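Sequence order for the protein chains is A and B. Residue numbering for the first sequence follows UniProt numbering, beginning at 27 and increasing consecutively. Residue numbering for the second sequence follows UniProt numbering, beginning at 88 and increasing consecutively. From the three backbone atoms N, C-alpha and C, an ideal C-beta is built for every residue, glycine too.
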Amino acid sequence: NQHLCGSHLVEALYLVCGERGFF
Amino acid sequence: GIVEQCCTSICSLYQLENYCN
Numbered sequence: 027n028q029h030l031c032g033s034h035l036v037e038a039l040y041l042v043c044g045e046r047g048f049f
Numbered sequence: 088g089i090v091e092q093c094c095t096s097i098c099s100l101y102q103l104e105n106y107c108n
């Protein structure tokens with residue numbers, strides 16, 4: 027676990043969330 | 088919110104999954 031900012035944050039949310047998406 | 092917990096601080100993948108719909 028490291029700092030996740032900007033574009034890297036959205037990519038990590040893309041993979042964690044998958045088809046659910048993110049609020 | 089997500090920037091405060093994950094960008095300013097550090098969050099696990101378990102805390103990141105909290106932001107999924």
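Looking at chain A, is there any beta carbon in it that lies within less than 9 Å of the beta carbon of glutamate 91 (chain B)?
In the second sequence, residue 91 (chain B) corresponds to position 4, counting from 1. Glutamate 91 (chain B) does not count as touching chain A.
Cβ neighbour criterion (16 or more within 10 Å) applied to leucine 30 (chain A):
Reading the first sequence from its first residue, position 4 is the one you call residue 30 (chain A). A residue is called buried once 16 or more other Cβ atoms fall within 10 Å of its Cβ, and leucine 30 (chain A) is buried on that count.
Would you decide whether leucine 41 (chain A) is buried or exposed? Buried here means 16 or more other CB atoms lie within 10 Å of its CB.
Looking up residue 41 (chain A) in the first sequence gives position 15. Exposed is the call here.
If we count the other Cβ atoms within 10 Å of its Cβ and call it buried at 16 or more, is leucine 100 (chain B) buried or exposed?
Stepping through the second sequence from its first residue, residue 100 (chain B) is reached at position 13. By the 10 Å Cβ count, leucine 100 (chain B) comes out exposed.
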